[PDB]
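**Student:** Okay, here's the structure, questions in a sec.
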Amino acid sequence: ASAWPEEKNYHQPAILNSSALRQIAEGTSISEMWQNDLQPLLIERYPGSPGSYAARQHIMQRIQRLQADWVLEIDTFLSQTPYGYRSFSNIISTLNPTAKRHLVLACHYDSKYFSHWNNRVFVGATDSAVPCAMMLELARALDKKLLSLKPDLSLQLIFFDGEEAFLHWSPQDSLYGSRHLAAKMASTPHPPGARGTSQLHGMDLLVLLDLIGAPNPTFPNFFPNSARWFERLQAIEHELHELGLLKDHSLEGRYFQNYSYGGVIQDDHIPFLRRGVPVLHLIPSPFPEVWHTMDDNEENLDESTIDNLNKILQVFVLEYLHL
Amino acid sequence: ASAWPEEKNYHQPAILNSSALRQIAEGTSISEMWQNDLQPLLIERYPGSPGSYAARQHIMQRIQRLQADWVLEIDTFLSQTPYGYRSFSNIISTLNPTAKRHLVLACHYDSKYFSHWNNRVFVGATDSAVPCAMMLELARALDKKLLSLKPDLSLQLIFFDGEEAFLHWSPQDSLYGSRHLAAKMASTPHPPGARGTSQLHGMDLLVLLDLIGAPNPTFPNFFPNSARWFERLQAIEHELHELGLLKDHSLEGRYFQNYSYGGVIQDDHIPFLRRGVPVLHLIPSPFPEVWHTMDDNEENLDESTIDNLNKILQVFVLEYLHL
Amino acid sequence: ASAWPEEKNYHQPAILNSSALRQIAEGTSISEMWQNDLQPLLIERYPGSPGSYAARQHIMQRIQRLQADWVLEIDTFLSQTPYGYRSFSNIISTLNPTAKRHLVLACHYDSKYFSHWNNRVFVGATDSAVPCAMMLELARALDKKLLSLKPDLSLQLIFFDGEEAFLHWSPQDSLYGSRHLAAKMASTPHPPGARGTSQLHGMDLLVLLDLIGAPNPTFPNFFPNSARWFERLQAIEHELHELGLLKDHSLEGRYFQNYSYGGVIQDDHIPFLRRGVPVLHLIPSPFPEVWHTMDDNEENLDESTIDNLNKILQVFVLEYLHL
Amino acid sequence: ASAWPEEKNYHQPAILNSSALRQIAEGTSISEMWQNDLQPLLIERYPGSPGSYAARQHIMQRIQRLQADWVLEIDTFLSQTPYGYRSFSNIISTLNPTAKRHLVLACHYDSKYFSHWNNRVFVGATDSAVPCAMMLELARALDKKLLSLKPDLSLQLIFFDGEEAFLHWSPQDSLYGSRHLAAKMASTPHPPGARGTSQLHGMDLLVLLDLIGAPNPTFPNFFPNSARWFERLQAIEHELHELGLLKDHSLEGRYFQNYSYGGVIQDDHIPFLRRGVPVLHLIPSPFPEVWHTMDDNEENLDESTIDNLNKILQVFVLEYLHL
Amino acid sequence: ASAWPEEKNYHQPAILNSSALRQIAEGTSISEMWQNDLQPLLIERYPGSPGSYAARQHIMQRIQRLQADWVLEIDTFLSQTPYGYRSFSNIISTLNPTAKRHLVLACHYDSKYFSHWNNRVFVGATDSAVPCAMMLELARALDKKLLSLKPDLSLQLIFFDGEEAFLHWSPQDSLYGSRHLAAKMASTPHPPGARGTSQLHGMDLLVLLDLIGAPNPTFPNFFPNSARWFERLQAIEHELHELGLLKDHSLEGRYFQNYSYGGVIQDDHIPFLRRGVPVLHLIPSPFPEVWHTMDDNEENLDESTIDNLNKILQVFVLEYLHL
Ligand SMILES: O=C1Nc2cccc(O)c2/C1=C/c1ccc2[nH]cnc2c1
Ligand SMILES: O=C1Nc2cccc(O)c2/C1=C/c1ccc2[nH]cnc2c1
Ligand SMILES: O=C1Nc2cccc(O)c2/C1=C/c1ccc2[nH]cnc2c1
Ligand SMILES: O=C1Nc2cccc(O)c2/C1=C/c1ccc2[nH]cnc2c1
Ligand SMILES: O=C1Nc2cccc(O)c2/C1=C/c1ccc2[nH]cnc2c1
Ligand SMILES: [Zn+2]
Ligand SMILES: [Zn+2]
Ligand SMILES: [Zn+2]
Ligand SMILES: [Zn+2]
Ligand SMILES: [Zn+2]
């Protein structure tokens with residue numbers, strides 16, 4: 001067939017100059033994000049719940065009101081769990097769904113399920129409420145530029161549901177949302193009409209944000225097939241440092257350090273990885289100290305790190321998308 | 001509905017004082033244990049074998065002679081192999097088998113089958129006679145305190161048979177004992193009469209000992225859902241050291257180094273991990289130089305290190321149980 | 001020369017409970033430090049200048065108003081430099097100067113001489129105004145607990161002058177105020193009336209703060225006769241973390257990391273060290289990125305890290321003094 | 001004083017764009033250097049000796065035949081030694097009489113004295129004949145651009161004599177050319193007529209190249225007053241790398257690694273360093289394997305590493321000089 | 001002179017085959033040493049004390065009683081201190097006083113001086129009573145092959161006195177004996193009637209034992225002129241291990257790791273090192289945790305580690321000596 005599915009293998013960023021980067025840095029607001037994007041989401045929001053719907057509405061609302069012609073879809077489905085068939089809902093938000101190639105940013109909007117205990121609630125600030133807010137805050141901060149899209153390539157965001165186990169992490173009880181959509185897409189021809197290419201051939205790259213939020217992350221370079229793009233976040237991190245544009249930051253506490261990792265982490269990316277989509281797994285190693293504790297709350301998030309990652313990521317994208 | 005299967009995430013140790021610690025370090029005798037508990041286990045003991053029945057037997061005698069109300073079982077069972085059908089007997093000792101919740105220590109009591117070489121015999125002193133002796137010594141040394149068990153929690157031991165492969169490593173040629181027991185436990189209501197919860201629900205934490213006894217062990221932190229418990233070993237090791245109760249010991253050769261391990265090792269924890277039991281896998285990395293050679297013998301054991309880990313394990317276990 | 005001068009070698013801390021620590025963390029304000037004790041010193045203030053007298057002046061005032069009975073002295077003295085003789089002044093603030101033994105906290109309060117460039121002035125935010133405010137905030141915060149000094153031990157703060165070189169780093173041109181004070185103290189009987197014992201005998205341990213206030217600092221353990229005191233800084237850091245009373249703080253970026261250093265930094269400890277005083281040199285390695293640049297301003301300080309090191313240091317100090 | 005002595009503190013470089021960096025990298029033949037600039041120097045050449053005068057002569061000849069206004073000088077002198085007084089002869093080559101400020105590159109052109117063995121003769125290929133050759137070649141390859149010198153700053157090349165000891169390394173028996181040349185310049189006014197300031201005040205940075213030519217060298221960041229220039233050598237090496245311009249080179253095998261060093265190496269920079277000159281000491285740690293052995297010859301030099309470092313340096317210099 | 005003193009520069013060792021290595025292991029007995037060699041040294045033994053004389057005498061009886069023709073000098077001398085002039089007695093034991101060249105091994109027989117605290121007493125087991133013994137036992141263990149000295153090369157031991165400061169470490173107050181004996185050897189011709197070569201010229205390598213006998217030592221490769229012999233100590237530790245000739249020993253806790261050092265440790269080698277004698281400094285880094293505490297006692301020595309270092313040292317000496 002046509003070879004556009006190989007394009008992703010040769011695609012270069014449009015690196016930005018200092019003045020551009022000063023602009024981007026000034027364009028994102030961590031407090032706006034914190035107030036209007038993220039505090040809504042710090043609720044018990046596990047699949048089913050009132051939380052899940054409130055969270056779901058909140059995401060689309062906040063997307064809905066932007067100037068770029070974002071196409072929100074829901075994709076409610078049903079899957080078996082160790083408590084029976086429960087109902088899930090993935091969020092997709094697409095720009096230019098005819099864009100044969102998309103760069104995808106994705107995270108997970110469900111919250112793990114826990115019995116209230118001591119009258120506390122798990123609300124999953126880093127796991128993964130913050131990554132949802134960052135993707136939100138990037139759609140906003142970059143809206144004027146993202147409008148320019150009316151290379152055949154645009155941007156999709158995915159918010160997955162049912163990432164976490166219901167009882168116990170196993171292949172059977174985990175990634176409900178992403179195993180659904182991996183399949184759905186591997187079987188949806190793309191572009192419409194085509195005869196050999198799926199919605200996955202048109203994932204250039206999947207950037208999975210998971211567990212972001214805590215002080216002192218270090219992100220490993222998980223895959224050779226996305227390493228060049230990891231290097232670019234290294235380069236972006238550096239230059240935004242060399243230019244004043246990061247806060248409480250030092251290069252001896254870099255986020256992205258050339259440290260490859262041993263065994264694989266399981267996460268919403270796996271249903272895509274093994275179908276051949278190159279992945280960039282922005283999850284930290286070690287996990288946050290508050291992982292799956294009630295203490296994974298607002299109080300233990302380093303606003304200042306998150307701001308620095310907001311900027312790094314926002315640049316990464318404009319550079320991919322050549323805006 | 002009862003949520004007692006969650007009590008394990010919120011479980012905290014009752015940490016001990018410097019009198020207590022001195023007392024423990026005092027009442028464990030590496031030299032008795034060496035003579036009374038481990039020297040008997042140092043024989044060819046692959047499943048089948050006369051060794052196996054001897055060891056099985058040894059193990060039960062030295063438990064049967066202590067005062068606390070241990071209940072030993074011998075799950076003997078058949079299972080297929082590359083050499084046809086064969087028979088395995090796991091050893092399960094248990095205090096308070098209605099103790100709804102149990103902390104579990106475990107190891108394997110077989111020895112791998114090797115032909116005889118230069119009239120040398122493979123006896124597995126670290127793989128895994130030493131862990132078996134360690135476990136038996138801990139029941140001895142803690143006996144008077146374990147009596148106290150007449151939070152509904154108690155202790156349980158397991159000595160798995162057929163951990164090693166008969167011919168060659170594989171899902172199908174290995175972990176005969178634990179694969180078997182993990183299933184039978186997943187299918188057993190705990191507590192009697194329960195309707196939705198199995199005995200695995202009652203396993204707090206599985207501490208599994210493998211490949212102990214060589215010099216300069218280094219134990220990684222393998223799993224994030226047991227990592228606060230690995231922190232307690234770090235912390236126990238520390239205090240027992242600053243208080244001068246370890247032998248030939250320095251912090252520049254700690255045993256528990258806060259280092260995270262890439263992959264998964266395969267071992268008797270596997271069937272219980274993939275079903276959602278937390279594991280504290282006390283296996284070192286790298287394995288001991290003598291691994292799976294005829295040199296895994298007594299002459300190459302480090303008394304001092306084994307004795308240090310006894311103290312550490314014994315204190316871990318008392319703090320877990322609140323004794 | 002009695003045998004009191006060796007008690008330092010056996011001194012041990014009075015470790016605190018989790019309730020104390022909580023009080024210690026809660027009773028230090030980094031924002032009051034920021035305006036009352038630190039923002040005033042951020043001015044050109046090399047030796048001689050009018051800044052030197054104003055910073056000098058500030059310090060004493062901020063001490064003079066506290067309840068403890070601080071005995072300020074001033075130690076003005078003349079020395080040759082590359083630009084000719086000049087007049088320096090060390091500040092010394094002593095509790096219980098008859099206190100035969102003292103723990104000493106010290107920084108330097110000059111600022112390096114630089115000509116102005118682009119109309120910016122060098123002010124030394126980390127080199128070493130934060131340290132001065134740290135030492136000044138510590139005496140405020142701990143004031144009430146320090147009236148109780150009426151073992152014979154007390155606390156002395158020292159603010160050195162002329163630490164930095166005038167023109168070109170060298171033994172002739174550097175440490176003007178601590179070469180002087182060593183020697184002065186090295187030859188001043190202590191206690192009064194003494195006959196064989198100098199005031200350096202009575203110096204238990206000298207904690208030198210320097211270059212503090214940038215993000216992600218790493219302090220080494222430089223000297224073996226003080227490691228045990230470093231180790232207590234390690235342990236405090238850990239404990240304040242595990243109770244939740246540090247901020248944006250992760251243990252994979254501790255500040256005190258058991259890492260030994262090879263060479264020596266020259267700094268104001270040197271004249272006391274080669275007099276056999278025990279030094280705890282809280283100077284980080286690598287130096288900050290803004291070292292000796294005009295960018296060593298307020299804008300580039302990490303308030304979180306300094307709250308943190310303040311809490312730690314305050315604790316360290318109450319345990320040293322058994323308060 | 002005036003202000004000019006401090007201009008160096010604020011000097012930024014004129015970074016080169018890609019096209020340029022290529023043009024430099026084609027500019028330099030390692031083969032031309034190898035045969036024209038280096039092979040003449042592979043001779044026994046300890047001070048006094050005929051290779052001492054032949055070396056001296058050769059160097060000069062190669063500068064003389066360049067366009068640029070190199071002003072040569074011999075500085076023959078005489079110092080006490082363990083074999084009596086003897087006569088040395090530094091070589092200085094300067095562009096610009098008045099260039100108030102100079103970047104200096106420097107290297108030592110003697111050879112340690114060794115009696116002959118198995119008919120073998122020490123010729124210090126890396127110690128330091130390659131550094132020399134390197135400096136020559138950079139003269140050669142940057143002539144035309146160095147013409148453009150008719151910010152008041154230029155270049156200077158020094159080739160110290162008497163670096164190595166005659167007998168046994170010590171302050172009194174080592175560093176003969178450079179202890180003399182730093183005292184002499186520290187007592188010569190610059191610029192001519194000046195009432196306050198030395199030619200040292202004019203030395204912007206002394207780049208000392210020693211021990212260069214072995215495979216896989218790593219150079220550390222010895223000094224913090226030249227760390228930004230170290231960082232630039234790194235940025236250059238990365239960038240020359242990622243553009244394809246280096247040979248047999250990976251970033252896993254970089255030369256300039258952010259690895260500070262503890263204490264100091266004694267080399268020809270010391271006389272200048274204590275006098276307040278900033279130093280970029282391109283010496284490797286560890287020293288080469290052939291260090292001070294007859295085996296320090298041509299056969300053990302890695303031609304590929306030298307080409308690469310030629311490139312890196314010549315760039316470093318064109319960018320310091322805003323050429 | 002001549003070149004006879006450049007011979008150290010070329011000395012290759014006569015390396016042993018496995019069969020010999022086994023004899024040497026068999027040949028030394030750590031229980032013999034512990035009882036007959038070291039336990040007498042474990043007394044308060046500063047310079048001038050009766051212990052000092054006790055200890056001085058013991059050494060000599062242990063060497064007098066062997067058969068090789070050890071030749072005991074006794075440099076006694078006076079020197080000023082912070083407590084007055086006092087008397088010091090080195091011990092020197094040569095084989096072939098006329099043998100031009102000499103491998104020299106040395107340690108120090110004094111104990112620091114401490115008051116008596118809780119009726120406890122500082123005795124210096126690691127520092128340096130073990131290295132004294134290790135050298136004693138080296139000579140017992142090797143006597144028969146040492147006899148074979150009737151390459152003009154032989155062996156020398158040195159038990160320095162006064163190494164430790166009397167009051168507070170410092171060039172004026174330390175290394176009393178080595179400074180004496182270094183200067184006295186520098187100004188003694190050798191071999192007799194030589195006209196420009198001293199005893200120090202016929203120190204081929206100085207092997208300095210210090211701070212030995214604690215668990216888990218790591219020894220840096222401190223000097224480049226001695227590095228090739230550190231690489232021998234490494235190759236020896238390896239081969240002895242790969243033959244199961246060391247106890248309780250993994251290569252992941254090697255004793256000699258090829259890691260270079262930054263700064264410099266001050267010890268009895270300085271006075272020879274700045275006079276140009278090659279030094280293999282066997283002092284660990286870090287120091288023992290018990291350094292200059294009362295716990296530097298026999299209770300805290302690692303018998304296995306010492307026994308392993310005896311073997312390594314006895315092999316090193318023989319391959320040097322071509323025995
Ligand atoms: O959910 C989980 N339960 C576990 C129990 C034992 C070991 C484990 O690694 C896990 C685990 C992994 C996990 C992985 C990625 C995640 N992203 C967000 N939550 C995440 C959790
Ligand atoms: O038995 C085995 N045969 C192998 C061949 C190649 C690679 C391997 O990891 C193995 C192996 C692993 C193994 C793992 C945990 C064990 N615990 C005790 N023995 C253990 C052995
Ligand atoms: O001041 C300095 N000028 C230098 C030039 C070259 C190398 C150096 O280490 C220095 C240096 C060191 C230094 C050390 C401790 C300090 N504390 C505050 N400023 C400090 C500076
Ligand atoms: O020459 C030397 N003799 C030594 C003996 C013991 C330790 C040492 O570091 C040295 C030494 C250092 C050295 C430093 C830079 C050099 N550049 C060229 N040769 C160089 C030698
Ligand atoms: O004695 C000492 N007191 C110190 C105080 C602060 C730092 C130091 O490095 C030292 C020191 C050094 C030292 C070096 C080698 C020794 N061998 C036996 N004792 C030894 C001691
Ligand atoms: Zn999670
Ligand atoms: Zn095994
Ligand atoms: Zn400074
Ligand atoms: Zn050299
Ligand atoms: Zn000592």
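Simple scheme: letters A, B, ... for chains in structure tokens order, numbers from 1 for residues in each chain, numbers from 1 for ligands in the order shown.
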Show me which residues line ligand 1, defined as having an atom within 10 Å of a ligand atom where only C-alpha atoms and all ligand atoms count, and present them as number ranges by chain.
**Tutor:** A: 107-108, 110-112, 124, 126-128, 163-170, 173-175, 209-212, 264-269, 283-284, 287, 291-292; B: 222-227, 273-279
**Student:** Residue 191 of chain B: which residues within 12 Å, counting only C-alpha atoms, same-chain residues fewer than 6 positions away excluded, as a list in words?
**Tutor:** residues 2, 4, 5, 96, 97, 98, 99, 100, 101, 102, 152, 185, 197, 198, 199, 200, 201, 202 and 203 of chain B
**Student:** Could you turn the residues from that selection into a file that holds N, CA, C and O atoms, as a PDB file, in the first residue's frame?
**Tutor:**
```pdb
ATOM      1  N   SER B   2     -17.600  -7.776  55.085  1.00  0.00           N
ATOM      2  CA  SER B   2     -16.363  -7.498  55.803  1.00  0.00           C
ATOM      3  C   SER B   2     -15.248  -7.156  54.834  1.00  0.00           C
ATOM      4  O   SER B   2     -15.098  -7.782  53.781  1.00  0.00           O
ATOM      5  N   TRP B   4     -11.981  -7.303  55.747  1.00  0.00           N
ATOM      6  CA  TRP B   4     -10.781  -7.648  56.485  1.00  0.00           C
ATOM      7  C   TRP B   4      -9.662  -7.986  55.527  1.00  0.00           C
ATOM      8  O   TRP B   4      -8.505  -7.896  55.904  1.00  0.00           O
ATOM      9  N   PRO B   5      -9.918  -8.345  54.284  1.00  0.00           N
ATOM     10  CA  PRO B   5      -8.804  -8.592  53.394  1.00  0.00           C
ATOM     11  C   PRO B   5      -8.043  -7.343  53.032  1.00  0.00           C
ATOM     12  O   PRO B   5      -6.993  -7.437  52.410  1.00  0.00           O
ATOM     13  N   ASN B  96      -2.472 -20.984  64.415  1.00  0.00           N
ATOM     14  CA  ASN B  96      -3.777 -20.402  64.521  1.00  0.00           C
ATOM     15  C   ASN B  96      -4.544 -20.481  63.228  1.00  0.00           C
ATOM     16  O   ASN B  96      -5.045 -19.485  62.748  1.00  0.00           O
ATOM     17  N   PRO B  97      -4.738 -21.630  62.706  1.00  0.00           N
ATOM     18  CA  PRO B  97      -5.155 -21.734  61.315  1.00  0.00           C
ATOM     19  C   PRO B  97      -6.524 -21.155  61.042  1.00  0.00           C
ATOM     20  O   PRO B  97      -6.980 -21.101  59.908  1.00  0.00           O
ATOM     21  N   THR B  98      -7.159 -20.706  62.080  1.00  0.00           N
ATOM     22  CA  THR B  98      -8.178 -19.690  61.991  1.00  0.00           C
ATOM     23  C   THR B  98      -7.629 -18.257  62.139  1.00  0.00           C
ATOM     24  O   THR B  98      -8.363 -17.313  61.930  1.00  0.00           O
ATOM     25  N   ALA B  99      -6.367 -18.034  62.453  1.00  0.00           N
ATOM     26  CA  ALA B  99      -5.880 -16.671  62.306  1.00  0.00           C
ATOM     27  C   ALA B  99      -6.128 -16.152  60.894  1.00  0.00           C
ATOM     28  O   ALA B  99      -5.194 -15.938  60.119  1.00  0.00           O
ATOM     29  N   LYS B 100      -7.404 -15.971  60.566  1.00  0.00           N
ATOM     30  CA  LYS B 100      -7.893 -15.176  59.423  1.00  0.00           C
ATOM     31  C   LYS B 100      -6.832 -14.564  58.544  1.00  0.00           C
ATOM     32  O   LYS B 100      -6.836 -14.768  57.345  1.00  0.00           O
ATOM     33  N   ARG B 101      -5.969 -13.760  59.126  1.00  0.00           N
ATOM     34  CA  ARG B 101      -4.828 -13.191  58.443  1.00  0.00           C
ATOM     35  C   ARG B 101      -3.572 -13.919  58.887  1.00  0.00           C
ATOM     36  O   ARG B 101      -3.411 -14.198  60.069  1.00  0.00           O
ATOM     37  N   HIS B 102      -2.655 -14.180  57.960  1.00  0.00           N
ATOM     38  CA  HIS B 102      -1.386 -14.818  58.290  1.00  0.00           C
ATOM     39  C   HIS B 102      -0.221 -14.131  57.588  1.00  0.00           C
ATOM     40  O   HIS B 102      -0.266 -13.862  56.393  1.00  0.00           O
ATOM     41  N   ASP B 152      -6.457  -9.965  64.013  1.00  0.00           N
ATOM     42  CA  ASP B 152      -6.533 -11.415  64.082  1.00  0.00           C
ATOM     43  C   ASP B 152      -5.484 -11.969  63.148  1.00  0.00           C
ATOM     44  O   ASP B 152      -5.761 -12.344  62.029  1.00  0.00           O
ATOM     45  N   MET B 185      -4.957 -23.042  47.434  1.00  0.00           N
ATOM     46  CA  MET B 185      -5.310 -21.965  48.359  1.00  0.00           C
ATOM     47  C   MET B 185      -6.244 -20.941  47.731  1.00  0.00           C
ATOM     48  O   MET B 185      -7.057 -20.329  48.421  1.00  0.00           O
ATOM     49  N   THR B 197     -14.076 -15.150  50.059  1.00  0.00           N
ATOM     50  CA  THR B 197     -12.666 -14.908  50.301  1.00  0.00           C
ATOM     51  C   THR B 197     -11.913 -16.213  50.542  1.00  0.00           C
ATOM     52  O   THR B 197     -12.385 -17.100  51.254  1.00  0.00           O
ATOM     53  N   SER B 198     -10.752 -16.324  49.946  1.00  0.00           N
ATOM     54  CA  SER B 198     -10.027 -17.561  49.898  1.00  0.00           C
ATOM     55  C   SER B 198      -8.867 -17.465  50.833  1.00  0.00           C
ATOM     56  O   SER B 198      -8.663 -16.462  51.470  1.00  0.00           O
ATOM     57  N   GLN B 199      -8.076 -18.505  50.930  1.00  0.00           N
ATOM     58  CA  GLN B 199      -7.033 -18.361  51.908  1.00  0.00           C
ATOM     59  C   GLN B 199      -6.022 -17.325  51.458  1.00  0.00           C
ATOM     60  O   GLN B 199      -5.429 -16.681  52.291  1.00  0.00           O
ATOM     61  N   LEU B 200      -5.861 -17.094  50.175  1.00  0.00           N
ATOM     62  CA  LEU B 200      -4.943 -16.065  49.755  1.00  0.00           C
ATOM     63  C   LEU B 200      -5.307 -14.710  50.316  1.00  0.00           C
ATOM     64  O   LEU B 200      -4.442 -13.930  50.678  1.00  0.00           O
ATOM     65  N   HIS B 201      -6.566 -14.418  50.428  1.00  0.00           N
ATOM     66  CA  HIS B 201      -6.955 -13.193  51.073  1.00  0.00           C
ATOM     67  C   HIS B 201      -6.305 -13.070  52.424  1.00  0.00           C
ATOM     68  O   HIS B 201      -6.060 -11.965  52.902  1.00  0.00           O
ATOM     69  N   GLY B 202      -5.950 -14.168  53.009  1.00  0.00           N
ATOM     70  CA  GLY B 202      -5.455 -14.149  54.344  1.00  0.00           C
ATOM     71  C   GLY B 202      -3.991 -14.100  54.424  1.00  0.00           C
ATOM     72  O   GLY B 202      -3.435 -13.943  55.499  1.00  0.00           O
ATOM     73  N   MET B 203      -3.331 -14.239  53.309  1.00  0.00           N
ATOM     74  CA  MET B 203      -1.901 -14.090  53.285  1.00  0.00           C
ATOM     75  C   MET B 203      -1.575 -12.624  53.248  1.00  0.00           C
ATOM     76  O   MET B 203      -1.688 -11.990  52.217  1.00  0.00           O
TER      77      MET B 203
END
```
**Student:** Pick the closest to chain B from A:151, A:162, A:84, A:263: which is it, counting only C-alpha atoms?
**Tutor:**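 That would be A:263, the residue with the smallest distance to chain B.
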**Student:** Hey, could you make a per-residue contact list for chain C against chain B with 12 Å as the cut-off, showing the nearest pair of atoms and its distance in Å to one decimal, counting only C-alpha atoms, sorted by chain and number, as a Markdown table?
**Tutor:**
```
| residue | atom | partner | partner_atom | distance |
| --- | --- | --- | --- | --- |
| C:228 | CA | B:242 | CA | 10.6 |
| C:231 | CA | B:242 | CA | 10.6 |
| C:232 | CA | B:242 | CA | 11.5 |
| C:235 | CA | B:238 | CA | 10.6 |
| C:238 | CA | B:235 | CA | 10.8 |
| C:239 | CA | B:235 | CA | 11.3 |
| C:242 | CA | B:228 | CA | 11.0 |
| C:251 | CA | B:258 | CA | 10.2 |
| C:252 | CA | B:258 | CA | 9.4 |
| C:258 | CA | B:252 | CA | 9.3 |
| C:259 | CA | B:252 | CA | 10.2 |
| C:260 | CA | B:252 | CA | 11.4 |
```
**Student:** For residue 322 of chain B, work out the shell of residues within 8 Å, counting only C-alpha atoms and skipping chain neighbours fewer than 2 positions away, then give it as number ranges by chain.
**Tutor:** B: 13-15, 318-320
**Student:** Rank E:117, E:88, E:33, E:213 by their smallest atom-to-atom distance to residue 8 of chain C, using only C-alpha atoms, and report the top residue only.
**Tutor:**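 Distance minimum relative to residue 8 of chain C lands on E:117.
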**Student:** Please give the complete set of residues from segment 1-247 of chain D that DSSP, run on the backbone, assigns to helix (DSSP H, G or I), formatted as a ChimeraX atom specification.
**Tutor:** /D:4-10,18-26,30-41,50-64,125-141,143-147,171-173,176-185,200-202,227-242
**Student:** Atom CA of residue 255 of chain B and atom CA of residue 236 of chain B are how many Å apart?
**Tutor:**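 Calculated distance between atom CA of residue 255 of chain B and atom CA of residue 236 of chain B is 11.3 Å.
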**Student:** Quick one: everything within 10 Å of residue 215 of chain A, counting only C-alpha atoms, minus sequence neighbours fewer than 4 positions away in the same chain. Send it as number ranges by chain.
**Tutor:** A: 288-289, 300-306; C: 247-253
**Student:** Which residues are close to segment 19-29 of chain A, i.e. within 10 Å by only C-alpha atoms, leaving aside same-chain residues fewer than 6 positions away? Reply as a PyMOL selection string.
**Tutor:** chain A and resi 137-142+236+239-240+243-246+307-308+310-312+314-315+318
**Student:** Work out how far atom CA of residue 69 of chain A is from atom CA of residue 136 of chain A, in Å to one decimal.
**Tutor:** 14.8 Å
